[PDB]
There are 2 protein chains.
Amino acid sequence: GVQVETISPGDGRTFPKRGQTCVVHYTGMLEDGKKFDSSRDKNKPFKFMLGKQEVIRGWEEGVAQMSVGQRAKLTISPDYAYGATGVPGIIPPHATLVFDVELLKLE
Amino acid sequence: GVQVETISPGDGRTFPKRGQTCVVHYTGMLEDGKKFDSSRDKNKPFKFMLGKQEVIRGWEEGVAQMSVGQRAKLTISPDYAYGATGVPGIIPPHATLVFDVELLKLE
Ligand SMILES: C=CC[C@@H]1/C=C(\C)C[C@H](C)C[C@H](OC)[C@H]2O[C@@](O)(C(=O)C(=O)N3CCCC[C@H]3C(=O)O[C@H](/C(C)=C/[C@@H]3CC[C@@H](O)[C@H](OC)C3)[C@H](C)[C@@H](O)CC1=O)[C@H](C)C[C@@H]2OC
Ligand SMILES: C=CC[C@@H]1/C=C(\C)C[C@H](C)C[C@H](OC)[C@H]2O[C@@](O)(C(=O)C(=O)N3CCCC[C@H]3C(=O)O[C@H](/C(C)=C/[C@@H]3CC[C@@H](O)[C@H](OC)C3)[C@H](C)[C@@H](O)CC1=O)[C@H](C)C[C@@H]2OC
């Protein structure tokens with residue numbers, strides 16, 4: 001349920017392992033380009049861990065395919081995101097989400 | 001994405017309208033009967049409003065089909081619940097959810 005298109009290559013060597021912390025920058029957009037979120041505009045990187053059901057599965061599977069330093073467009077199917085519910089006031093029902101993600105570091 | 005089976009009939013007259021508050025009792029179970037939640041065991045009824053993207057869509061569409069006093073089994077497809085992500089530590093990925101719901105009042 002995720003398509004990964006690469007904007008800038010990573011090192012081709014260091015990929016996220018289950019239970020590491022990934023530090024990324026991302027902007028989330030709707031399929032017409034409409035931004036709904038951006039880590040950059042709160043300055044910070046976002047950090048999460050793989051394999052703990054803590055981010056939507058499409059993110060998890062998309063970022064697992066990236067190596068460090070890679071910049072990629074993740075297009076996530078609704079059932080690998082917020083499905084038929086969406087997120088109140090932010091994501092409609094049945095929405096495909098596009099995230100521009102940069103994998104900065106694994107900790 | 002929801003199937004509604006009736007355990008006890010409601011009044012056949014008073015159905016939830018968009019923007020009313022529904023007061024219910026529910027227990028949520030996995031498809032093998034495993035309970036994961038119950039309003040009754042925290043005593044209280046659960047209250048929510050229709051049409052505000054505030055509960056999973058399958059709940060919303062299931063309860064909209066019930067009249068006051070009805071007791072029903074709602075079986076909800078993953079994409080109308082927590083999809084491929086689940087809820088960490090509570091709902092697996094791709095889970096069909098079964099809720100036993102009693103619609104007590106509309107406010
Ligand atoms: C107080 C609250 C606690 C904590 C909240 C914050 C730090 C809140 C802060 C405003 C910004 C959020 O995040 C930085 C914000 O990010 C979005 O803007 C977004 O871009 C998003 O989609 N993200 C974030 C980047 C990773 C992918 C995805 C994610 O997976 O996000 C996760 C998420 C929502 C996952 C659920 C978890 C349960 C599953 O049942 C469900 O599965 C259906 C998927 C986030 C990281 C959660 O782990 C963290 C929490 O919830 C959402 C559109 C709305 C979401 O606000 C909620
Ligand atoms: C602090 C937090 C604030 C607030 C939390 C509480 C009162 C927390 C308390 C422990 C018990 C929760 O609820 C009483 C509990 O209920 C479950 O046990 C459950 O049985 C459930 O599935 N429910 C509840 C009854 C209606 C259907 C469904 C629901 O829709 O629930 C809603 C929900 C999770 C919807 C999201 C909303 C965003 C969408 O993006 C997403 O779509 C993918 C679906 C609930 C009611 C939210 O509106 C309310 C909040 O989140 C979940 C298995 C886990 C969930 O804890 C989170």
Side-chain angles (χ1 to χ4, degrees), chain A residues 1-2 21-30 34-50 52-63 74 76-103, chain B residues 1-2 21-30 34-50 52-63 74 76-103:
Chain A
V2 67
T21 296
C22 303
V23 180
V24 307
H25 270 127
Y26 67 91
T27 72
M29 291 157 265
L30 281 342
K34 183 174 283 71
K35 276 93 174 178
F36 56 79
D37 189 5
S38 192
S39 58
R40 256 111 178 204
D41 290 36
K42 325 176 200 177
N43 304 314
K44 242 121 173 288
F46 171 68
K47 300 203 211 329
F48 69 100
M49 302 184 73
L50 262 76
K52 281 165 205 64
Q53 287 185 93
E54 99 175 29
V55 290
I56 48 172
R57 189 73 178 117
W59 241 57
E60 194 156 84
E61 303 177 306
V63 174
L74 275 37
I76 299 164
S77 308
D79 195 59
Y80 278 79
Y82 298 112
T85 305
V87 171
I90 311 198
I91 302 289
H94 302 295
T96 290
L97 298 187
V98 179
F99 289 92
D100 187 313
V101 179
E102 191 177 30
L103 173 56
Chain B
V2 67
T21 296
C22 303
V23 180
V24 307
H25 270 127
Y26 67 91
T27 72
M29 291 157 265
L30 281 342
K34 183 174 283 71
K35 276 93 174 178
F36 56 79
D37 189 5
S38 192
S39 58
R40 256 111 178 204
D41 290 36
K42 325 176 200 177
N43 304 314
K44 242 121 173 288
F46 171 68
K47 300 203 211 329
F48 69 100
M49 302 184 73
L50 262 76
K52 281 165 205 64
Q53 287 185 93
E54 99 175 29
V55 290
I56 48 172
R57 189 73 178 117
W59 241 57
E60 194 156 84
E61 303 177 306
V63 174
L74 275 37
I76 299 164
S77 308
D79 195 59
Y80 278 79
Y82 298 112
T85 305
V87 171
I90 311 198
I91 302 289
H94 302 295
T96 290
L97 298 187
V98 179
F99 289 92
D100 187 313
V101 179
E102 191 177 30
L103 173 56

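Proteins get letters first, then strands, A, B, ... in listed order; numbering begins at 1 in each. Whatever order the structure lists ligands and atoms in, that order sets their numbers, starting from 1.
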Please answer whether the main-chain N or O of A:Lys44 pairs with a side-chain N or O of A:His25 as donor and acceptor at a distance below 3.5 Å. yes

Got a second to check how far A:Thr27's OG1 is from A:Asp41's CG, nearest 0.5 Å? 8.5 Å

Which of the numbered atoms in ligand 1 are below 4.0 angstrom from a heavy atom of A:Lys42? 11 (C)

Of all the non-hydrogen atoms in the protein, which one sits nearest to atom 19 (C) of ligand 1, and at what distance? A:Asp37 OD2, 3.7 Å

Those atoms of ligand 1 less than 4.0 Å from some heavy atom in A:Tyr26: 14 (C), 20 (O), 24 (C), 25 (C)

Can you find a protein heavy atom under 4.0 Å from atom 26 (C) of ligand 2? yes

Mark yes when over 12 heavy atoms from residues, nucleotides or ligands other than A:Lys47 sit less than 6.0 Å from its NZ; otherwise mark no. yes

Compute the minimum heavy-atom distance from B:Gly86 to ligand 1 and say whether it is under 4.0 Å. yes

Starting from atom 43 (C) of ligand 1, locate the nearest protein heavy atom and write down its residue, its atom name and how far away it is, to 0.1 Å. A:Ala81 O, 4.0 Å

Sub-4.0 Å protein heavy atom near atom 56 (O) of ligand 2: no

Assess whether atom NZ of B:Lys52 is packed by more than 12 heavy atoms of other residues, nucleotides or ligands within 6.0 Å. yes

Do protein heavy atoms approach atom 1 (C) of ligand 2 to less than 4.0 Å? no

CA sep, side-chain torsions, deciding dist, call: A:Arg40, A:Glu102, side-chain contact (heavy atoms from CB on, under 4.5 Å): CA-CA 11 Å; A:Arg40 256 111 178 204; A:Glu102 191 177 30; 3.1 Å; yes

Carefully, step by step, assess A:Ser39 and A:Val24 under the rule side-chain contact (heavy atoms from CB on, under 4.5 Å). CA-CA 9 Å; A:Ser39 58; A:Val24 307; over 6 Å; no

Quick one: pull up OH in B:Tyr26 and CG in B:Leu74 and give me the separation to the nearest 0.5 Å. 12.5 Å

Distance from B:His94 atom NE2 to B:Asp79 atom CG, nearest 0.5 Å? 11.0 Å

Any donor-acceptor pair under 3.5 Å linking the side chain of A:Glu54 with the backbone of A:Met49? yes

Specify whether the nearest protein heavy atom to atom 17 (C) of ligand 2 is under 4.0 angstrom away. yes

As a test of the contact definition, would atom 11 (C) of ligand 2 count as having a protein heavy-atom neighbour under 4.0 Å? yes

For B:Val87, counting its heavy atoms only, list the atoms of ligand 1 lying under 4.0 Å from any of them. 40 (O)

Atoms of ligand 1 under 4.0 Å from any heavy atom of A:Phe99, numbered from 1 in the order shown, are 20 (O), 22 (O)

Would a 4.0 Å cut-off, counted as strictly less than, catch a protein heavy atom around atom 21 (C) of ligand 2? yes

Where is the nearest protein heavy atom to atom 38 (C) of ligand 1: which residue, which atom, and how far? B:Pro88 CD, 4.0 Å

Using protein heavy atoms only, decide if any is under 4.0 Å from atom 5 (C) of ligand 1. no

Counting heavy atoms only, which part of B:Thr85 comes closer than 4.0 Å to ligand 1: side chain, backbone, both or neither? side chain

Proximity winner for atom 35 (C) of ligand 2, if only heavy atoms of B:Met49, B:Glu60, B:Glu54, B:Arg57 are counted: B:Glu54

Heavy-atom contact check, 4.0 Å cutoff: does A:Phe48 meet ligand 1? no

I'd like to know if atom 47 (C) of ligand 2 has any protein heavy atom within a distance of less than 4.0 Å. yes

Any protein heavy atom lying closer than 4.0 Å to atom 14 (C) of ligand 2? yes

Check each of A:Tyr82, B:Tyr82, A:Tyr80 against atom 23 (N) of ligand 1 and report the one with the nearest heavy atom. A:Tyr82

Counting both backbone and side chain atoms, is some N or O of A:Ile56 under 3.5 Å from an N or O of ligand 1? yes

Say you draw a straight line from CG of A:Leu50 to CD of A:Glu60; how long is it, rounded to the nearest 0.5 Å? 5.0 Å

Derivation and outcome, side-chain contact (heavy atoms from CB on, under 4.5 Å), residues B:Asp37 and B:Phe99: CA-CA 9 Å; B:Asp37 189 5; B:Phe99 289 92; 6.0 Å; no

Kindly indicate, with the supporting measurements, whether the criterion side-chain contact (heavy atoms from CB on, under 4.5 Å) is fulfilled by B:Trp59 and B:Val2. CA-CA 8 Å; B:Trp59 241 57; B:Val2 67; over 6 Å; no

Measuring from A:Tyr82:OH to A:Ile56:CD1, what's the distance to the nearest 0.5 Å? 4.5 Å

